[PDB]
Amino acid sequence: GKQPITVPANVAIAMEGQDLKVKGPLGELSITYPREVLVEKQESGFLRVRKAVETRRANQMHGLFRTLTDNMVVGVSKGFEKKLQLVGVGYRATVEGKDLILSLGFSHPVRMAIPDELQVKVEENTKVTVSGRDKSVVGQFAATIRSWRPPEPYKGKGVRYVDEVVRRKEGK
RNA sequence: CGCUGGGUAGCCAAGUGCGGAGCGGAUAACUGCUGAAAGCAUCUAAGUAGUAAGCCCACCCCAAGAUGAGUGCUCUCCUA
Ligand SMILES: [Mg+2]
Ligand SMILES: [Mg+2]
Ligand SMILES: [Mg+2]
Ligand SMILES: [Mg+2]
Ligand SMILES: [Mg+2]
Ligand SMILES: [Mg+2]
């Protein structure tokens, strides 16, 4: 289930065999492959990834870096943006200076730092949107805000991703 | 102590102070992010993040007989 990777994205690519560095309009990333897979610079415009001798570990890994290398370029060409939605009376979100602050019913305003790699913004008092390059830090970042107050069943009060479901119930 | 009433230091508690800290490290159960085999999905057979009175260090004392016997400063080795 492989596919060639589309890279006429006006992005620079460079390697030294065991690594692969990418440099584009809005960021720089790197990655190192183990000795099973191997990649070349196909001059046609795309990129194909071959593999070592047929084995169970390689067939799992063949389609693995295909999606990472895909996200490796799309995150440097366009980036990625995750969405959040705050549900509950009194729940707010602001960006005071660099980091952000949230008030999720606790007796203290939780404060977590935003690394320089990511970008955050808020349109309305009750929603948040993350913007970055790598899915790992971005997805891990948005998951962190979800952990402070996940969505409850009975009323859905809390943080939630967009385009998901909520197991609702009746309390009384 | 003939029997009693008081008693300094000392010893002692019922008296007087202090103590148990850490946004430090790695994990269990659990929740996850990213994401193949399996065009979907999946917390994972690549990688990675949160997190226990528990585990390790940190705190207090002992400690180079640690025969693996350590380290550093200083001193001494006269007369014919
Ligand atoms: Mg007396
Ligand atoms: Mg007496
Ligand atoms: Mg997932
Ligand atoms: Mg997938
Ligand atoms: Mg693993
Ligand atoms: Mg503990």
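Numbering-wise, the deposited numbering comes out as the position in the first sequence, counting from 1, plus 43.
Beta carbons: idealized from backbone N, C-alpha and C, even for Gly.
Chain-order list of residues whose beta-carbon lies under 8 Å from that of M58 (same chain, five-residue window excluded): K64, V82, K84
Identity of the residue in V132, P68, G106, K141 nearest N168 by Cα: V132
Which residues DSSP lists as bridging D62, in chain order: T75
Helix, strand or coil at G175 [DSSP, three-state]: strand
In chain order, which continuous runs of the beta strand (DSSP E) of length 3 or greater are located wholly inside the stretch 76-145? 80-82, 92-94, 123-130, 135-137
List the whole-angstrom C-beta distance separating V165 from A136, where the pair is believed to meet the contact cut-off of C-beta under 8 Å. 6 Å
As a quick exercise: from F149, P158, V130, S150, pick the residue whose alpha carbon is nearest that of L143. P158
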